[PDB]
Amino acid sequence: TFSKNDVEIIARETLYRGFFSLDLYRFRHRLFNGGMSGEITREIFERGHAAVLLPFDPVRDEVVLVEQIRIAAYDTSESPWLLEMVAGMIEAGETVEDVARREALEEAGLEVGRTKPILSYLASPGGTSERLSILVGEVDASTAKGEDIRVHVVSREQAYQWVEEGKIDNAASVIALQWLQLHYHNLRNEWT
């Protein structure tokens, strides 16, 4: 419906600057019934953007997971140690593919063969700008060995069962493994 010409970003006021940033967006935007809004302000968490890799072995039908503590999970989770996808922050001028492949090697010792885009998503766009771009990457699960990080090699079915049971419940891994559950048959044919 509406485009960026229908929004006026008046200011971005730094509320906090540390490792991450918190900015106050001051803006006006067009209304569905006509006209422009008044001035609106929103606190937005700015932490850059990330690349995500689902390491999938199409020959063996196995996924490689990585385990590490995420203290932000503490208050609402059984444990702050999460089972996650390979992922890393994207710095200026870097590509999703470069970051994804680099992180797979350094976080899991995985050489990546072919890749395909899965999806790129906004983690929580009401309060943060963060975008994460997911690839699926062809890996040899027998070469996975491995910031304190532990590598897990599991069947695809087990990984998806853990999504269903809530044992895997971070957005990137849920999105990637749900996508795999929807596409693994065609993906295994294509990569075999």
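From 1 onward, residues are counted along the sequence shown. Definition used throughout: the rigid core is the maximal C-alpha set that superposes within 1.5 Å between two forms.
- Comparing 28-36 with 44-52 in 9 other deposited structures of this protein, after superposition on the rigid core, the stretch with the greater RMS C-alpha deviation is 28-36.
- Put simply, when the other structures in 9 other deposited structures of this protein are lined up on the rigid core, the C-alpha atoms of 2-10 lie farther off than those of the other stretch, from 181-189 and 2-10.
- The deposited sequence places no unmodelled residues between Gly48 and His49, so the chain runs continuously there.
- For the segment pair 125-133 and 55-63, the entry gives 55-63 the higher mean B-factor, averaged over Cα atoms.
- Legend: mean Cα B-factor per stretch from the PDB entry, 95-103 versus 116-124; the higher mean is in 95-103.
- Of the residues listed, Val163, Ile40, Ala144, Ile44, the entry assigns the biggest Cα temperature factor to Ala144.
- By the numbers in the PDB entry, the CA B factor is greatest at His152 among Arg156, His29, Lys167, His152.
- The deposited CA B-factor of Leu82 belongs to the lowest third of values across its chain.
- When the modelled residues of the chain are ordered by C-alpha B-factor, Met89 sits in the middle third.
- Among all modelled residues in its chain, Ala73 ranks in the lowest third by Cα B-factor.
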